[PDB]
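Residue numbers (the entry's author numbering), protein chains in the order written: chain O, 1 to 116; chain V, 2 to 106; chain T, 2 to 125; chain M, 2 to 125; chain A, 348 to 397; chain B, 150 to 176, 187 to 199; chain Q, 2 to 107; chain J, 1 to 112.
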């Protein structure tokens, strides 16, 4: 019922540009907290970004100055501007919905991003 | 606070009627009286224990002193046969009297 | 003003109603309203009262916590929320103006303008 | 979340008592509360409910006037006034919180969390 | 009060005191974005809102 | 009798305001006043 | 803040009582979410607010602790109860996770 | 008043078997806003009840998946998928529409 589907990742040269997409069915993206979460191969989950329901943005220390999070109200979709890509950006990214005291209740399937 | 009215009194047509209203230290308060002819919404006929509203003939006379509020109807006619509710205000509380029914023969 | 009430109907005990008392003119603004219910076999009961501004609201001892009188001088309407309608609330309700602007001057007046009552019946 | 009910014991027929529902582990500032009684082997039966900030004091007929309820929104506690206790109130008393914190989640409705209960015995 | 229902007190037509606020030595985060707290005492305002 | 229960028929609404002052009242007993509004 | 799970590699047979510990270094007292991740899959909530059962999670999973100590308790293991288990800082700004504990049906 | 009657008074059912508990309202409990304001409680022996079914068909946090509710208007039924040894105790329904809150009389599911 509540499904997140992701696209846009792929093998990209270091320092290049890229963008992810995360379509949402059921949840309105334009009024909920959406987060980007990273998982490097052989590593665990780690936070990237969150854009507030009001539109305020947030990124991690390892992310500031490189990535940008963006949205569309017409297509109910979540985006991540991918840029200045180093070798450490090789990971799988999921989109999740943040509810504060409630945990990441819904999740996406994930997309593999490789840097070479 | 309660106001005590006799259940009913009756006089022959053309006579003078007298209907009483009792309360604790009721002569220190303002009392209103109303006429409810059966099947009819009531109409104010006496307020402030002495004054008579516009549209009412002068034979509706009311007075108050001590613990009794009284209304006097001289020259009672047929349509004076009605329910008569002595009203009073105490501590912002609308409390109605029992309601004395007047019957004319 | 010329007053007409509405809203009285068949409800079962514990149900909800919302009466009304609409005014003809805008002179409604200058009148402190009173709700008075008339029993099917007895006379009248004072239910509630509201000031001309609507900031001085009082209820009868038997009805507080249940009813909610409110008004709208720009809408020339008077309402009475009617919750936990309970066994002895069946009656005919009268909306009567006082004239006194505030509760401190109510004793100097009387309820002069009554509209046609609305019949409220509660029963299983 | 803990619902510690205090007070209660053996009180005299017609005497007096007051019961305390000390709550913790949750807000209690936007939550309603309920009082539920159960005479020995006779079933859960309702008593009382209160709104988020008091004022809304909702009672059954058998506790009309005779019981009153209050809360300490600073100290997060629920109270219960008793007078002229009869023999039918000899029971164990549960204070229970409503599910939830929005409107139409009736303050006299669903009861998510319950306490441990204290016995109130009226005898001599 | 909670930060959603934050109190707000209008302060008017009285005479303020900011020398006791500078000598409070307890206000960990005393940061001034209007006038400096050293010049606050020698400045008159139209309306203070605590 | 010396009561003077005064009812206010001046305004319908009164809110969102800054000044409020109370003192001993200002007032065949001729009484004269001059009101003037200079620089605030 | 730094969250440390202990210990990383964990093993037990079916029916054992397991206690996976994520230890809070400062002390936050209500901000924990238990994230179970099937190997190479999408994680899911298990216990949110560190003590309450998130809806649809089977009743064999429990959480406990408040303040500086926190634990995950599984009352009765299942052969499919192997995963990598995460702890997360709720109500935070960086949403710090733990390193991850890999239970093994061994 | 809303007087509610349960059916039946007792349901001794062996564990592993399914069980249904029905409680019918005297009035209509439907659509205060669009839902069915009847709630289901279990008072296990010796301890205090907690919610099993709210709003007629839905359940609260952490309830066993075997419980489910059904029915609309005046008839309502609780549906236990598989009775077990922890399910013993009285079952209550409650009307959640009008202020006089009335519970059922109590039917135990027991092990016979």
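Just so it is clear, CB atoms sit at the ideal spot from N, CA and C, and this is done for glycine as well.
### Nearest-angstrom Cα separation, counted from residue 32 of chain T out to residue 105 of chain T
As a working mapping, residue 105 of chain T is identified with position 104 in the third chain. As a working mapping, residue 32 of chain T is identified with position 31 in the third chain. Rounded to whole angstroms, the gap between the alpha carbons of residue 105 of chain T and residue 32 of chain T is 14 Å.
#### Entry: residue 90 of chain M in three-state terms, based on DSSP
Position 89 of the fourth chain, counted from the start, is the residue given in the question as residue 90 of chain M. Here residue 90 of chain M sits in helix by DSSP.
### Query
Would the beta-carbon of residue 82 of chain M fall within 7 Å of that of residue 99 of chain M?
To locate residue 82 of chain M, count along the fourth chain from 1; it is residue 81. To locate residue 99 of chain M, count along the fourth chain from 1; it is residue 98. Here residue 82 of chain M is not near residue 99 of chain M, since their CB atoms are 7 Å or more apart.
### Task
Just the C-alpha distance for residue 10 of chain J and residue 97 of chain J, rounded to the nearest angstrom, thanks.
Within the eighth chain, numbered from 1, the residue matching residue 10 of chain J stands at position 10. Within the eighth chain, numbered from 1, the residue matching residue 97 of chain J stands at position 97. Taking the straight line from one Cα to the other gives about 26 Å.
### Query
Between residue 154 of chain B and chain T, is there a C-beta pair that is closer than 7 Å?
Taking the sixth chain and counting its residues from 1, the one referred to as residue 154 of chain B is at position 5. Chain T contact via Cβ: present.
### Query
For chain Q, is any of its Cβ atoms less than 7 Å away from the one on residue 101 of chain O?
For this step, residue 101 of chain O is matched to residue 101 along the first chain. Under the Cβ distance rule, residue 101 of chain O counts among the residues neighbouring chain Q, one pair being separated by less than 7 Å.
### Query
Quick one: Cα of residue 27 of chain V to Cα of residue 118 of chain T, how far?
Working through the second chain from its first residue, we reach residue 27 of chain V at position 26. Working through the third chain from its first residue, we reach residue 118 of chain T at position 117. Rounded to the nearest angstrom, the two C-alpha atoms are 30 Å apart.
### Close beta carbons around residue 91 of chain Q, own chain, < 7 Å, minus the five adjacent residues each side
The residue you call residue 91 of chain Q lines up with position 90 of the seventh chain. Once the five neighbours on either side are set aside, the close Cβ partners of residue 91 of chain Q are 32, 33, 34.
### Query
Is the distance from the Cβ of residue 85 of chain V to the Cβ of residue 111 of chain T below 7 Å?
Numbered from its first residue, the second chain carries residue 85 of chain V at position 84. Numbered from its first residue, the third chain carries residue 111 of chain T at position 110. Residue 85 of chain V is not a Cβ neighbour of residue 111 of chain T, given a cutoff of 7 Å.
### Task
Could you tell me whether the region 81 to 101 of chain V touches the region 12 to 27 of chain V, using the rule of 3 or more Cβ pairs below 8 Å?
Pairwise C-beta distances place the region 81 to 101 of chain V in contact with the region 12 to 27 of chain V, as three or more of them are shorter than 8 Å.
### Task
Closer than 9 Å, Cβ to Cβ, to anything on chain J: give me those residues from the region 12 to 46 of chain T, in chain order.
Residues passing the 9 Å Cβ filter: 13, 14, 15, 16, 17.
### Task
Run down chain J in chain order and give the residues with a C-beta less than 7 Å from the C-beta of residue 85 of chain T.
In the third chain, the residue the question calls residue 85 of chain T occupies position 84. 99, listed in chain order.
### Task
Mind checking the region 50 to 66 of chain Q against chain J and listing, in chain order, the residues whose C-beta falls within less than 9 Å of any C-beta there?
Within the region 50 to 66 of chain Q, the residues whose Cβ lies closer than 9 Å to any Cβ of chain J are, in chain order, 53, 54, 55, 56, 57, 58, 59, 60.
### In DSSP terms, what residue 94 of chain O is bridged to
Your numbering for residue 94 of chain O matches position 94 in the first chain. According to DSSP, residue 94 of chain O bridges with O:37.
### Query
Roughly how many angstroms lie between the CA atoms of residue 76 of chain J and residue 69 of chain J, to the nearest whole one?
Mapped onto the eighth chain, residue 76 of chain J falls at position 76. Mapped onto the eighth chain, residue 69 of chain J falls at position 69. Going by the C-alpha atoms only, they are around 7 Å apart.
### Query
Does DSSP put residue 94 of chain J in a helix, a strand or coil?
Locating residue 94 of chain J in the eighth chain gives position 94, counting from the first residue. The answer is strand: DSSP assigns residue 94 of chain J an E or B state.
### Query
By how many angstroms is the C-alpha of residue 95 of chain J removed from the C-alpha of residue 30 of chain J?
Walking along the eighth chain from the start, residue 30 of chain J turns up at place 30. Walking along the eighth chain from the start, residue 95 of chain J turns up at place 95. When rounded, the distance between both Cα atoms is 10 Å.
#### Entry: Residues of the region 18 to 48 of chain J with Cβ closer than 8 Å to any Cβ of chain E, in chain order
The structure shown contains no chain E; its protein chains are O, V, T, M, A, B, Q and J.
### Query
Mind checking whether residue 29 of chain O and residue 66 of chain O have CB atoms under 7 Å apart?
In the first chain, residue 29 of chain O corresponds to position 29, counting from 1. In the first chain, residue 66 of chain O corresponds to position 66, counting from 1. Not a contact, by the Cβ cut-off of 7 Å.
### Neighbouring residues, chain V, relative to residue 95 of chain T (Cβ below 9 Å)
Indexing the third chain from 1 puts residue 95 of chain T at position 94. Within chain V, 42, 43 have C-beta atoms less than 9 Å from the C-beta of residue 95 of chain T, given in sequence order.
### Backbone CA spacing between residue 2 of chain T and residue 42 of chain J [nearest angstrom]
Mapped onto the third chain, residue 2 of chain T falls at position 1. Mapped onto the eighth chain, residue 42 of chain J falls at position 42. The alpha-carbon atoms of residue 2 of chain T and residue 42 of chain J are separated by roughly 59 Å.
### Task
Compute the beta-carbon to beta-carbon distance between residue 14 of chain V and residue 104 of chain V, rounded to the nearest angstrom, for a pair I have assumed lies under 8 Å.
Locating residue 14 of chain V in the second chain gives position 13, where the first residue counts as 1. Locating residue 104 of chain V in the second chain gives position 103, where the first residue counts as 1. Taking 8 Å as the upper bound for CB-CB distance, residue 14 of chain V and residue 104 of chain V are not in contact here, some 10 Å apart.
### Task
Kindly list, in the order they appear in chain O, the residues whose Cβ is closer than 7 Å to that of residue 27 of chain Q.
On the seventh chain, residue 27 of chain Q is found 26 positions in, with the first residue counted as 1. Around residue 27 of chain Q, no beta-carbon contact reaches into chain O at under 7 Å, the shortest distance being about 18 Å.
### Helix, strand or coil at residue 310 of chain A [DSSP, three-state]
Lying outside 348 to 397, the shown extent of chain A, residue 310 of chain A is not represented and no answer is given.
### Message
Taking beta-carbon pairs under 9 Å, can you tell me which members of the region 67 to 80 of chain T lie near chain B?
### Response
Of all residues in the region 67 to 80 of chain T, 74 have a Cβ within less than 9 Å of some Cβ in chain B.
### Query
Leaving out five residues before and five after residue 23 of chain O in sequence, what residues of the same chain have Cβ atoms less than 6 Å from its Cβ?
Locating residue 23 of chain O in the first chain gives position 23, counting from the first residue. So the qualifying residues of the chain are 5, 77.
### Task
Note down, in chain order, each residue of its chain lying with its Cβ closer than 7 Å to the Cβ of residue 39 of chain Q, except the 5 sequence neighbours on either side.
Taking the first residue of the seventh chain as position 1, residue 39 of chain Q is located at position 38. So the list reads 84, once near-sequence residues are dropped.
### Supposed contact pair residue 96 of chain M and residue 4 of chain M - C-beta distance, whole angstroms, cut 8 Å
Counting from one through the fourth chain, the residue named residue 4 of chain M turns up at place 3. Counting from one through the fourth chain, the residue named residue 96 of chain M turns up at place 95. So it is a contact: roughly 6 Å between Cβ atoms.
### Query
Is residue 390 of chain A helix, strand or coil by DSSP?
Position 43 of the fifth chain holds residue 390 of chain A. In the three-state DSSP reduction, residue 390 of chain A falls in the coil class, being neither helix nor strand.
### Query
Got a sec, what are the start and stop residues for the beta strand (DSSP E) residue 44 of chain V sits in?
Locating residue 44 of chain V in the second chain gives position 43, where the first residue counts as 1. That run of the beta strand (DSSP E) goes 44 to 47.
### Message
Using a Cβ-Cβ cutoff of less than 7 Å, which residues in the same chain neighbour residue 1 of chain T once the five nearest sequence positions on both sides are dropped?
### Response
Any property of residue 1 of chain T remains undetermined from this structure, which presents chain T solely from 2 to 125.
#### Entry: Cβ contact check for the region 73 to 89 of chain T and the region 22 to 40 of chain T: 3 or more pairs under 8 Å
The region 73 to 89 of chain T makes contact with the region 22 to 40 of chain T; the number of CB pairs closer than 8 Å reaches 3 or more.
### Message
I'd like the list of long-range same chain contacts for residue 105 of chain J, defined as Cβ closer than 7 Å, with 5 residues on each side in sequence excluded.
### Response
Start at 1 with the first residue of the eighth chain, and residue 105 of chain J comes out as number 105. 6.
### Message
In whole angstroms, give me the CA-to-CA distance for residue 66 of chain T and residue 103 of chain T.
### Response
On the third chain, position 65 is the one that residue 66 of chain T refers to. On the third chain, position 102 is the one that residue 103 of chain T refers to. Cα to Cα, the separation comes out at about 22 Å.
### Query
Looking at the structure shown, is residue 89 of chain T part of a helix, part of a strand, or coil, going by DSSP?
Start at 1 with the first residue of the third chain, and residue 89 of chain T comes out as number 88. If DSSP states are grouped into helix, strand and coil, residue 89 of chain T belongs with the helices.
### Query
Got a sec, what are the start and stop residues for the alpha helix (DSSP H) residue 368 of chain A sits in?
Position 21 of the fifth chain, counting from 1, holds the residue named residue 368 of chain A. Where residue 368 of chain A is concerned, the enclosing alpha helix (DSSP H) stretches over 366 to 369.
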